[PDB]
There are 6 protein chains.
Amino acid sequence: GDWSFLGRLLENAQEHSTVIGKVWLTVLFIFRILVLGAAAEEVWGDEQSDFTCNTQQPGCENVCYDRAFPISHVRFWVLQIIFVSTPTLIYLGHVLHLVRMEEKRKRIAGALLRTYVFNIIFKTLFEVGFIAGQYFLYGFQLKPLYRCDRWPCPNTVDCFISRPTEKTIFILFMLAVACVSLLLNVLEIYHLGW
Amino acid sequence: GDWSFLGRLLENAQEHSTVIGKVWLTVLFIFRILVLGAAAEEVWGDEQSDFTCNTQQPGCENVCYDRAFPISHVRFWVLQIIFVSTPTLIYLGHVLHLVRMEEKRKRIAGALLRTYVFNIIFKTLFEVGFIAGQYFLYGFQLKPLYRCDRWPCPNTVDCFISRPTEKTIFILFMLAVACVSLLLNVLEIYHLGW
Amino acid sequence: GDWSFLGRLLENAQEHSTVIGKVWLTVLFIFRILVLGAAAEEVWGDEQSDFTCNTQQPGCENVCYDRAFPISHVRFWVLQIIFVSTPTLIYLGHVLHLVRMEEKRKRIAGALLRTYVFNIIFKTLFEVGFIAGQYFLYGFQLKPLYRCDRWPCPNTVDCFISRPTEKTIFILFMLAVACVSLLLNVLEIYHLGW
Amino acid sequence: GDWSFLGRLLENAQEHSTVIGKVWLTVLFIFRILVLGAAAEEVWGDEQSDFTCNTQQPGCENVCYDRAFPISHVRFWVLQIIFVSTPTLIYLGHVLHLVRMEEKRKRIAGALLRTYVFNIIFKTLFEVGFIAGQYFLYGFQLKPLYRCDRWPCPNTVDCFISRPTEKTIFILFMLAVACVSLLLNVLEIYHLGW
Amino acid sequence: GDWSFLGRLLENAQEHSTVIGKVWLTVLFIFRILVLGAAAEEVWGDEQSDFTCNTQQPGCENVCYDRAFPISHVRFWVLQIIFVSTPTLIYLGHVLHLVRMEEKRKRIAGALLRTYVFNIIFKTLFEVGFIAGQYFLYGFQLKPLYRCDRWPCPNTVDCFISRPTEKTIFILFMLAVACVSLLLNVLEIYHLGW
Amino acid sequence: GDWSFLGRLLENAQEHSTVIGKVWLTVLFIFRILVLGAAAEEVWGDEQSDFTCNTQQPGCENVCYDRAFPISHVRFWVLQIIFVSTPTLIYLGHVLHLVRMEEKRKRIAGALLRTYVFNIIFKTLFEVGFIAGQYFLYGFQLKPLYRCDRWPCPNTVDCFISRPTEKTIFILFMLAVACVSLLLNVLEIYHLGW
Ligand SMILES: CCCCCCCCCCCCCC(=O)OC[C@H](COP(=O)([O-])OCC[N+](C)(C)C)OC(=O)CCCCCCCCCCCCC
Ligand SMILES: CCCCCCCCCCCCCC(=O)OC[C@H](COP(=O)([O-])OCC[N+](C)(C)C)OC(=O)CCCCCCCCCCCCC
Ligand SMILES: CCCCCCCCCCCCCC(=O)OC[C@H](COP(=O)([O-])OCC[N+](C)(C)C)OC(=O)CCCCCCCCCCCCC
Ligand SMILES: CCCCCCCCCCCCCC(=O)OC[C@H](COP(=O)([O-])OCC[N+](C)(C)C)OC(=O)CCCCCCCCCCCCC
Ligand SMILES: CCCCCCCCCCCCCC(=O)OC[C@H](COP(=O)([O-])OCC[N+](C)(C)C)OC(=O)CCCCCCCCCCCCC
Ligand SMILES: CCCCCCCCCCCCCC(=O)OC[C@H](COP(=O)([O-])OCC[N+](C)(C)C)OC(=O)CCCCCCCCCCCCC
């Protein structure tokens with residue numbers, strides 16, 4: 001998609017953020033947004049086209065793909081990116097507001113300190129939450145075979161998924177990127193406190 | 001699509017708007033435009049391609065998809081974005097006109113105050129209206145099965161929709177974003193009055 | 001498509017135009033160009049792919065789609081945009097030429113006044129003309145069923161169109177946008193005269 | 001495609017050219033490049049996909065499409081644009097070279113006059129030539145039916161073309177644009193001579 | 001594809017190059033890169049999709065397309081562009097290095113002269129080489145029929161190619177462009193020597 | 001995909017890097033990123049669409065493509081580019097941090113020297129590693145035939161790959177580019193030490 005607006009906002013965040021925060025933003029842009037655009041979106045292009053079920057029942061493939069993949073992985077990662085980014089926008093807005101107020105009348109202390117720490121907190125929580133949701137929804141291994149018993153499918157039908165190994169690889173890659181982001185938030189807290 | 005022109009106009013609106021207004025515009029750009037471009041448009045890519053009806057009647061799938069989905073959701077959201085944005089453009093134009101007039105001769109009071117409040121009002125009305133239209137047209141749950149009795153379909157035919165669960169998720173996501181926009185307009189009114 | 005060049009020219013037109021003219025250009029960019037790019041072009045993507053005729057005759061679907069839709073709607077709107085825009089480019093060029101001449105030697109009167117009024121006139125005429133052509137070619141309701149008797153089709157065949165309801169909606173939307181443009185040209189004339 | 005580089009060069013040409021030349025370049029950008037990108041390329045998207053021949057012979061559709069359409073129209077127009085543009089680049093380069101030489105040492109006369117006139121000449125010749133080639137290759141009406149007798153086709157087979165009416169419309173549109181370009185070159189010559 | 005980076009580098013090369021070199025770069029950008037992007041890539045879009053073999057043997061079309069077209073033409077031209085461009089980048093880098101060194105301490109002679117001449121030489125060699133490779137691999141006429149005897153094909157099968165005439169036209173066009181580039185390099189050498 | 005952000009970061013790296021480093025970055029941008037975008041991604045577009053297995057077993061093609069190509073080549077190259085780039089970003093960040101610190105108070109020595117050398121080291125290791133992984137996973141020749149015995153396939157089935165020769169060519173091209181990158185890192189080390 002088009003991430004230019006968010007790109008500008010997060011560059012401005014880089015202008016006003018800790019070094020570890022800059023590392024976090026660079027990770028976000030290179031290892032998550034870029035990887036989705038260049039690589040992952042082409043793996044999931046034929047997710048439903050190349051999803052094959054051994055049946056002659058109309059509508060069984062559709063409902064079985066819907067049950068196998070309620071939300072697609074790529075979409076889930078998109079939402080994860082947006083949500084983990086939002087706190088940074090909040091902090092950047094607080095900063096610009098204080099700057100405008102100073103200008104009206106006539107560098108991390110007071111409200112900025114607290115707000116930044118809270119930003120860190122929320123980023124961490126959201127990240128952990130998406131990780132856990134991904135685990136409980138799919139785990140971290142996409143098996144080639146999916147057995148479906150949803151109406152209109154007669155008895156249990158066997159269905160086969162496109163590119164399970166490649167998808168598995170990218171699932172783990174993005175999970176590792178998320179864990180790196182968590183480590184970076186922890187390091188930022190430590191740096192602040194000491 | 002290409003939202004760059006609107007992007008520039010709404011950035012200019014950010015230059016001249018309340019803090020809560022800036023939050024509203026950031027929500028608009030990140031949670032609605034971006035989500036449509038990156039995520040939702042790929043969910044609805046195969047809306048009619050993967051729409052399957054259990055019949056051998058030529059033309060039944062077409063008329064049954066037309067009856068099930070008169071306007072697509074993504075298109076409806078596009079129109080919603082445009083319409084909720086228009087008032088902001090009107091207010092921005094009023095502002096630039098007053099600036100040009102001052103320049104000819106030789107900061108929210110008088111006409112700007114009223115016009116801004118009215119902008120808020122219209123944004124709210126339009127938002128609520130689209131929400132209600134969405135509800136009365138589709139509700140907020142897209143069932144996998146759609147039973148169609150429209151000519152040329154013989155008797156009632158069963159038809160099956162692509163990605164009902166994912167579409168349901170995104171419907172609710174966008175509804176929640178709209179409700180957040182409403183809360184923001186209310187907060188802006190309150191801030192003005194007090 | 002790519003409207004950037006025209007975008008720049010019409011922004012320059014905004015630099016030199018009446019307030020109502022600025023409103024007209026904003027309408028052009030937001031409600032016509034943007035709507036086509038984001039929404040309408042995806043409705044008409046499968047116009048011929050999902051056009052189904054109940055026959056086993058080779059070539060009947062092609063000739064029946066050609067007879068049903070001689071020019072596609074989206075293409076017609078593209079041409080409408082270009083043509084209604086041209087006068088504005090003519091006026092902008094007259095303006096830049098006078099500016100260059102002043103520069104050589106060493107704000108709406110004389111030739112600029114007349115030329116601007118004529119621009120208005122032409123914009124109006126073209127708009128009305130496209131509206132009427134659209135009406136006489138298609139009307140403003142796209143029926144799902146189209147009965148075709150063109151060779152090689154044997155006797156009369158029934159053919160079915162993709163997304164008739166959505167297309168009908170967008171037809172009316174664009175017609176209303178055109179009528180708004182007409183009202184704006186009328187208002188601009190009135191403002192000039194008084 | 002991507003016409004940005006050529007766009008920049010021809011904008012520079014506008015910086016150094018007659019008023020009628022500026023009109024010519026605006027015509028080139030709006031009525032030929034833009035129309036191809038936004039409209040014509042979508043008419044010819046399914047030129048071979050929706051080309052249907054009434055036969056069961058493998059390879060007959062391919063050779064019959066190749067014989068019906070040796071070069072596609074859109075490609076022919078692309079080449080026409082490039083070739084009619086080249087002279088303008090030559091003149092612009094002559095100009096920049098003279099400017100650089102003046103700079104080394106320490107507004108249409110001499111070499112610039114001749115070179116510009118010759119540019120006009122070549123533009124005219126190329127235009128007329130492409131027009132005539134288009135006529136002799138296709139004429140200006142694309143008939144729906146094409147009868148093909150090329151091996152491997154057995155006896156004569158009937159083949160049917162996609163969107164003949166729409167293609168016919170756009171053929172005539174582009175021909176009229178080319179004739180307007182010719183009129184503009186003639187007017188430029190007249191302006192120079194008088 | 002995206003040629004913007006290379007575009008910037010070669011514009012910088014234009015800043016520091018002979019007039020004939022500027023002509024060469026303009027040829028490169030307009031007649032080779034642009035033609036590929038706008039025109040040729042759409043001719044070769046369905047190279048394998050519309051490649052039809054008269055057989056019922058699974059896998060024969062794949063191996064016969066692979067034997068007929070080991071490397072596609074468009075890809076070959078892409079590589080040709082890259083390779084003929086590289087020397088220019090080398091010369092530009094030599095230039096910028098000398099400029100930086102002058103800056104540290106505190107216009108074609110010495111090392112720059114030799115390096116530029118060598119650039120010319122390499123460009124010529126590479127060009128000639130690609131031309132000859134194209135000839136020995138395909139010649140300059142793409143016949144519609146290709147007879148294939150590669151396993152798993154039983155005996156010899158007849159296979160038919162998409163758009164042979166159009167491809168033939170573009171092959172010759174690009175060959176002529178390459179010969180023009182050669183003439184330009186020769187002219188540049190002559191200009192230097194005299 | 002979209003490499004603009006990385007492009008900016010690596011341009012900044014060029015601002016602060018050795019000449020051989022600049023050559024390395026130019027190689028990265030021209031011979032790896034550009035080649036993937038313009039050429040390789042179109043070779044691997046139909047990797048699974050045109051993958052044909054001689055069987056009537058549902059799901060055998062999917063599992064046999066997954067076993068033949070666990071990760072696609074293009075995706076592997078994408079990851080290779082990202083990883084070999086990361087060290088350069090680390091070094092650039094170290095540099096900008098030292099610059100900011102100098103600014104607070106009031107050119108390759110100390111920490112910058114070590115960090116740069118380590119960057120070189122890591123780039124080399126990663127490169128070699130990806131090379132070896134590519135070899136052990138696929139080798140450097142993609143055979144047309146792949147024999148598959150994975151469930152649900154009955155006994156051993158023959159499967160055929162799209163464009164094996166072209167893919168083989170590009171595999172070797174990218175391997176040679178990687179070896180050139182290795183030579184450049186070695187040359188940079190030598191230049192530093194002497
Ligand atoms: C503010 C934070 C709010 C958090 C709210 C959490 C709400 C949790 C509701 C718990 C209801 C559980 C009941 C249930 O769900 O019924 C079981 C059903 C799965 O059925 P199954 O066991 O057969 O396996 C499924 C196999 N299949 C994947 C092929 C289908 O559904 C599942 O378990 C899938 C559950 C997926 C949960 C996704 C949570 C996303 C959290 C995002 C947080 C973002 C923070 C900003
Ligand atoms: C300035 C504001 C003007 C507002 C004008 C509102 C006009 C309301 C006209 C009321 C006519 C009702 C009669 C009717 O419509 O016949 C019923 C028919 C649905 O048939 P059904 O009951 O079988 O279920 C349908 C199930 N199916 C979805 C699968 C097809 O159609 C429906 O109800 C669908 C109705 C959808 C209404 C959409 C309203 C959009 C408002 C946008 C506001 C924007 C403000 C800027
Ligand atoms: C400078 C201005 C010049 C204006 C020139 C106007 C020329 C008018 C020529 C009049 C000839 C009428 C004879 C005729 O056309 O035979 C009837 C035939 C339709 O047959 P049908 O009755 O069975 O229904 C058709 C149903 N079907 C749509 C499914 C096919 O064709 C039609 O009526 C369709 C006619 C469509 C007219 C489109 C006019 C566009 C104007 C654009 C103006 C732009 C200004 C800048
Ligand atoms: C520097 C200027 C050089 C100009 C060189 C002109 C060379 C002319 C060669 C004359 C040879 C004629 C013999 C011939 O060609 O055999 C006839 C054959 C058509 O067979 P057919 O009669 O059955 O109808 C064809 C029906 N079908 C279209 C469905 C296939 O081919 C045709 O006539 C098609 C001929 C198409 C000519 C295209 C000329 C393009 C000029 C571009 C100028 C650009 C200037 C910068
Ligand atoms: C630094 C410069 C290094 C240059 C190295 C040149 C190496 C030449 C190796 C010579 C081996 C010849 C043996 C051979 O190849 O066996 C014959 C076989 C073709 O079989 P066939 O006769 O049946 O016809 C083929 C018909 N079919 C196209 C449908 C398949 O293959 C062919 O001849 C096709 C040969 C294609 C050669 C392409 C050379 C590209 C040069 C690029 C230079 C770039 C400079 C920067
Ligand atoms: C920090 C560095 C960590 C490096 C960790 C290396 C871990 C190595 C694990 C070794 C396990 C070997 C067991 C195994 O794998 O079972 C054999 C199985 C292949 O079965 P097969 O023999 O039948 O042939 C396969 C033919 N087929 C391609 C059509 C499927 O799998 C294979 O061998 C394929 C193995 C592919 C290895 C890819 C390594 C990528 C390294 C990237 C380094 C990036 C540095 C930043």
# chains A, B, ... in the order shown; residues from 1 in each chain; ligands from 1

call {"tool": "residues_around", "arguments": {"residues": "segment 67-84 of chain C", "least_positions_apart": "6", "cutoff": "8 Å", "atoms": "only C-alpha atoms", "output": "ChimeraX atom specification"}}
result
/C:28,32-33,36,40-41,44,122-124,126-127,130,146,148 /D:30-31,35,38-39,163,165-166,169

call {"tool": "select_by_dssp", "arguments": {"residues": "segment 28-138 of chain E", "states": "helix (DSSP H, G or I)", "output": "ChimeraX atom specification"}}
result
/E:28-43,60-68,73-105,111-138

call {"tool": "residues_around", "arguments": {"residues": "segment 18-24 of chain B", "least_positions_apart": "2", "cutoff": "7 Å", "atoms": "only C-alpha atoms", "output": "ChimeraX atom specification"}}
result
/B:14,26-28,181,184,188

call {"tool": "residues_around", "arguments": {"residues": "residue 161 of chain E", "least_positions_apart": "2", "cutoff": "12 Å", "atoms": "only C-alpha atoms", "output": "PyMOL selection string"}}
result
(chain D and resi 58-66) or (chain E and resi 43-44+46-54+61+64-65+68-69+142-147+158-159+163-168)

call {"tool": "write_last_selection", "arguments": {"atoms": "N, CA, C and O atoms", "output": "compact mmCIF listing (two decimals), in the first residue's frame"}}
result
# COMPACT_ATOMS: atom_id res chain seq x y z
N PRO D 58 -6.07 -25.76 -32.82
CA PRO D 58 -5.06 -25.10 -32.00
C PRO D 58 -4.18 -24.17 -32.82
O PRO D 58 -3.72 -24.52 -33.91
N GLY D 59 -3.95 -22.98 -32.29
CA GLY D 59 -3.09 -22.01 -32.91
C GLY D 59 -3.75 -21.10 -33.93
O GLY D 59 -3.08 -20.19 -34.43
N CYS D 60 -5.03 -21.29 -34.24
CA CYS D 60 -5.66 -20.45 -35.25
C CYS D 60 -5.95 -19.06 -34.70
O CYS D 60 -5.77 -18.06 -35.40
N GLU D 61 -6.41 -18.97 -33.45
CA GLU D 61 -6.68 -17.67 -32.85
C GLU D 61 -5.42 -16.82 -32.79
O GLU D 61 -5.46 -15.62 -33.07
N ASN D 62 -4.29 -17.42 -32.43
CA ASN D 62 -3.04 -16.67 -32.32
C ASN D 62 -2.64 -16.07 -33.67
O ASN D 62 -2.37 -14.87 -33.77
N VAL D 63 -2.61 -16.89 -34.71
CA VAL D 63 -2.14 -16.41 -36.01
C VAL D 63 -3.16 -15.46 -36.61
O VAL D 63 -2.79 -14.51 -37.32
N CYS D 64 -4.44 -15.64 -36.31
CA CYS D 64 -5.46 -14.76 -36.85
C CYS D 64 -5.47 -13.41 -36.14
O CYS D 64 -5.73 -12.39 -36.78
N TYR D 65 -5.18 -13.38 -34.84
CA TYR D 65 -4.99 -12.11 -34.16
C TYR D 65 -3.74 -11.41 -34.66
O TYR D 65 -3.73 -10.18 -34.83
N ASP D 66 -2.66 -12.16 -34.90
CA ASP D 66 -1.44 -11.57 -35.43
C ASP D 66 -1.67 -10.99 -36.82
O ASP D 66 -1.12 -9.93 -37.15
N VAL E 43 3.49 -6.05 -24.79
CA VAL E 43 3.50 -7.02 -25.87
C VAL E 43 3.90 -8.39 -25.34
O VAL E 43 3.31 -9.41 -25.70
N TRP E 44 4.90 -8.42 -24.46
CA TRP E 44 5.37 -9.67 -23.87
C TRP E 44 4.65 -10.05 -22.57
O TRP E 44 5.10 -10.98 -21.90
N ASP E 46 1.67 -11.63 -22.13
CA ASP E 46 1.10 -12.97 -22.33
C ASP E 46 2.01 -13.87 -23.16
O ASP E 46 1.53 -14.61 -24.03
N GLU E 47 3.34 -13.81 -22.96
CA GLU E 47 4.24 -14.59 -23.81
C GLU E 47 4.03 -16.08 -23.60
O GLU E 47 4.04 -16.86 -24.56
N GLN E 48 3.83 -16.50 -22.35
CA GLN E 48 3.64 -17.90 -22.00
C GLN E 48 2.18 -18.27 -21.81
O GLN E 48 1.83 -19.43 -22.01
N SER E 49 1.34 -17.31 -21.44
CA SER E 49 -0.09 -17.58 -21.30
C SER E 49 -0.73 -17.93 -22.64
O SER E 49 -1.50 -18.89 -22.74
N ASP E 50 -0.42 -17.15 -23.67
CA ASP E 50 -0.98 -17.35 -25.00
C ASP E 50 -0.08 -18.18 -25.90
O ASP E 50 -0.22 -18.14 -27.12
N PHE E 51 0.84 -18.94 -25.31
CA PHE E 51 1.68 -19.88 -26.03
C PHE E 51 0.98 -21.23 -26.04
O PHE E 51 0.81 -21.86 -24.99
N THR E 52 0.57 -21.67 -27.22
CA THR E 52 -0.30 -22.83 -27.37
C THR E 52 0.42 -23.92 -28.15
O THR E 52 0.99 -23.65 -29.21
N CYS E 53 0.39 -25.14 -27.62
CA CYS E 53 0.96 -26.31 -28.28
C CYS E 53 -0.14 -27.32 -28.55
O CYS E 53 -1.01 -27.56 -27.70
N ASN E 54 -0.11 -27.90 -29.75
CA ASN E 54 -1.11 -28.88 -30.17
C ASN E 54 -0.70 -30.26 -29.65
O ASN E 54 -0.07 -31.07 -30.33
N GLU E 61 4.02 -27.93 -23.13
CA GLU E 61 4.03 -26.50 -23.38
C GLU E 61 5.11 -25.80 -22.58
O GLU E 61 5.80 -24.91 -23.10
N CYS E 64 8.57 -26.63 -24.02
CA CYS E 64 8.70 -26.09 -25.37
C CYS E 64 8.80 -24.57 -25.36
O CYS E 64 9.51 -24.01 -26.20
N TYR E 65 8.11 -23.90 -24.44
CA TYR E 65 8.32 -22.47 -24.27
C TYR E 65 9.72 -22.18 -23.74
O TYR E 65 10.37 -21.22 -24.17
N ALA E 68 12.01 -22.66 -26.71
CA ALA E 68 11.84 -21.60 -27.70
C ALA E 68 12.41 -20.28 -27.20
O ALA E 68 13.12 -19.58 -27.93
N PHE E 69 12.12 -19.93 -25.95
CA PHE E 69 12.55 -18.66 -25.36
C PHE E 69 13.30 -18.92 -24.06
O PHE E 69 12.72 -18.83 -22.97
N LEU E 142 10.72 -13.37 -35.50
CA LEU E 142 10.08 -14.36 -34.65
C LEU E 142 8.97 -15.04 -35.43
O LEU E 142 7.90 -14.47 -35.65
N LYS E 143 9.23 -16.27 -35.87
CA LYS E 143 8.25 -17.02 -36.64
C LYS E 143 7.08 -17.45 -35.76
O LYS E 143 7.27 -17.80 -34.60
N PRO E 144 5.85 -17.42 -36.29
CA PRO E 144 4.70 -17.88 -35.49
C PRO E 144 4.78 -19.32 -35.03
O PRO E 144 4.36 -19.62 -33.90
N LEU E 145 5.29 -20.22 -35.86
CA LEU E 145 5.31 -21.64 -35.55
C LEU E 145 6.66 -22.05 -34.99
O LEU E 145 7.71 -21.63 -35.48
N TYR E 146 6.62 -22.88 -33.95
CA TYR E 146 7.81 -23.46 -33.34
C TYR E 146 7.58 -24.95 -33.15
O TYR E 146 6.62 -25.35 -32.49
N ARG E 147 8.44 -25.76 -33.76
CA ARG E 147 8.33 -27.21 -33.68
C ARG E 147 9.26 -27.73 -32.60
O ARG E 147 10.47 -27.45 -32.62
N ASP E 158 3.70 -29.19 -32.77
CA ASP E 158 3.60 -27.83 -33.27
C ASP E 158 3.12 -26.92 -32.16
O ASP E 158 2.17 -27.25 -31.44
N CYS E 159 3.78 -25.78 -32.01
CA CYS E 159 3.46 -24.81 -30.99
C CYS E 159 3.39 -23.43 -31.63
O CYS E 159 4.07 -23.15 -32.61
N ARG E 163 1.63 -12.96 -30.72
CA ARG E 163 2.06 -11.67 -31.25
C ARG E 163 3.42 -11.73 -31.93
O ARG E 163 4.29 -10.91 -31.63
N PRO E 164 3.65 -12.66 -32.86
CA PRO E 164 4.97 -12.72 -33.50
C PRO E 164 5.31 -11.49 -34.33
O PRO E 164 6.46 -11.05 -34.32
N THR E 165 4.34 -10.91 -35.03
CA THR E 165 4.60 -9.76 -35.88
C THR E 165 4.96 -8.53 -35.05
O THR E 165 5.93 -7.82 -35.35
N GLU E 166 4.19 -8.27 -33.99
CA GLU E 166 4.47 -7.12 -33.13
C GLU E 166 5.83 -7.25 -32.47
O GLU E 166 6.61 -6.29 -32.41
N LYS E 167 6.13 -8.44 -31.96
CA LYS E 167 7.44 -8.70 -31.37
C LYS E 167 8.55 -8.50 -32.38
O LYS E 167 9.61 -7.95 -32.06
N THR E 168 8.35 -8.97 -33.61
CA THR E 168 9.34 -8.75 -34.66
C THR E 168 9.59 -7.26 -34.87
O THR E 168 10.75 -6.81 -34.92

call {"tool": "atom_distance", "arguments": {"atom1": "atom 19 (C, counted along the ligand's line) of ligand 4", "atom2": "atom CA of residue 140 of chain D"}}
result
15.1 Å

call {"tool": "select_by_dssp", "arguments": {"residues": "segment 83-182 of chain A", "states": "strand (DSSP E)", "output": "list in words"}}
result
residues 145, 146, 147, 148, 157, 158, 159 and 160 of chain A

call {"tool": "write_last_selection", "arguments": {"atoms": "N, CA, C and O atoms", "output": "compact mmCIF listing (two decimals), in the first residue's frame"}}
result
# COMPACT_ATOMS: atom_id res chain seq x y z
N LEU A 145 -2.42 -29.43 4.98
CA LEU A 145 -3.75 -30.01 4.94
C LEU A 145 -4.65 -29.37 5.98
O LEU A 145 -4.23 -29.14 7.12
N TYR A 146 -5.88 -29.09 5.58
CA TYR A 146 -6.91 -28.57 6.47
C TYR A 146 -8.19 -29.36 6.25
O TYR A 146 -8.70 -29.43 5.13
N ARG A 147 -8.68 -30.00 7.31
CA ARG A 147 -9.89 -30.81 7.24
C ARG A 147 -11.08 -29.99 7.70
O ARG A 147 -11.08 -29.43 8.80
N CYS A 148 -12.10 -29.92 6.85
CA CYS A 148 -13.22 -29.00 7.01
C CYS A 148 -14.53 -29.76 7.06
O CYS A 148 -14.77 -30.64 6.23
N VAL A 157 -14.18 -32.87 4.54
CA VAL A 157 -13.46 -32.78 3.28
C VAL A 157 -12.02 -32.37 3.56
O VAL A 157 -11.72 -31.66 4.53
N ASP A 158 -11.12 -32.83 2.69
CA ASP A 158 -9.72 -32.46 2.75
C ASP A 158 -9.49 -31.26 1.84
O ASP A 158 -9.96 -31.24 0.70
N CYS A 159 -8.76 -30.27 2.34
CA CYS A 159 -8.47 -29.06 1.61
C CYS A 159 -6.98 -28.77 1.73
O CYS A 159 -6.35 -29.10 2.73
N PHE A 160 -6.43 -28.14 0.70
CA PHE A 160 -4.99 -27.95 0.61
C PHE A 160 -4.67 -26.49 0.35
O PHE A 160 -5.33 -25.81 -0.44

call {"tool": "residues_around", "arguments": {"residues": "residue 104 of chain D", "least_positions_apart": "6", "cutoff": "12 Å", "atoms": "only C-alpha atoms", "output": "JSON, numbers by chain"}}
result
{"D": [97, 98], "E": [107]}

call {"tool": "write_last_selection", "arguments": {"atoms": "N, CA, C and O atoms", "output": "compact mmCIF listing (two decimals), in the first residue's frame"}}
result
# COMPACT_ATOMS: atom_id res chain seq x y z
N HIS D 97 22.95 24.23 -25.51
CA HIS D 97 24.35 24.28 -25.90
C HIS D 97 24.80 25.72 -26.13
O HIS D 97 25.88 26.12 -25.67
N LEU D 98 23.98 26.51 -26.83
CA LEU D 98 24.34 27.91 -27.03
C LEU D 98 24.42 28.66 -25.70
O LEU D 98 25.29 29.51 -25.50
N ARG E 107 37.37 20.92 -18.98
CA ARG E 107 37.75 20.26 -17.73
C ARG E 107 37.85 18.76 -17.92
O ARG E 107 37.39 17.99 -17.08

call {"tool": "atom_distance", "arguments": {"atom1": "atom CA of residue 37 of chain E", "atom2": "atom CA of residue 4 of chain D"}}
result
11.9 Å

call {"tool": "atom_distance", "arguments": {"atom1": "atom 25 (C, counted along the ligand's line) of ligand 4", "atom2": "atom CA of residue 150 of chain C"}}
result
25.8 Å

call {"tool": "decode", "arguments": {"residues": "segment 111-123 of chain B", "atoms": "C-alpha atoms", "output": "PDB file, in the first residue's frame"}}
result
ATOM      1  CA  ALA B 111     -17.115  34.222  10.583  1.00  0.00           C
ATOM      2  CA  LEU B 112     -14.346  31.666  11.150  1.00  0.00           C
ATOM      3  CA  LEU B 113     -15.864  30.589  14.476  1.00  0.00           C
ATOM      4  CA  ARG B 114     -19.362  30.015  13.089  1.00  0.00           C
ATOM      5  CA  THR B 115     -18.091  28.349   9.910  1.00  0.00           C
ATOM      6  CA  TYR B 116     -15.864  25.992  11.923  1.00  0.00           C
ATOM      7  CA  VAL B 117     -18.687  25.006  14.259  1.00  0.00           C
ATOM      8  CA  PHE B 118     -20.945  24.353  11.257  1.00  0.00           C
ATOM      9  CA  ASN B 119     -18.157  22.236   9.741  1.00  0.00           C
ATOM     10  CA  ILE B 120     -18.135  20.137  12.915  1.00  0.00           C
ATOM     11  CA  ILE B 121     -21.932  19.827  12.740  1.00  0.00           C
ATOM     12  CA  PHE B 122     -21.945  18.633   9.126  1.00  0.00           C
ATOM     13  CA  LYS B 123     -19.094  16.179   9.686  1.00  0.00           C
TER      14      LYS B 123
END
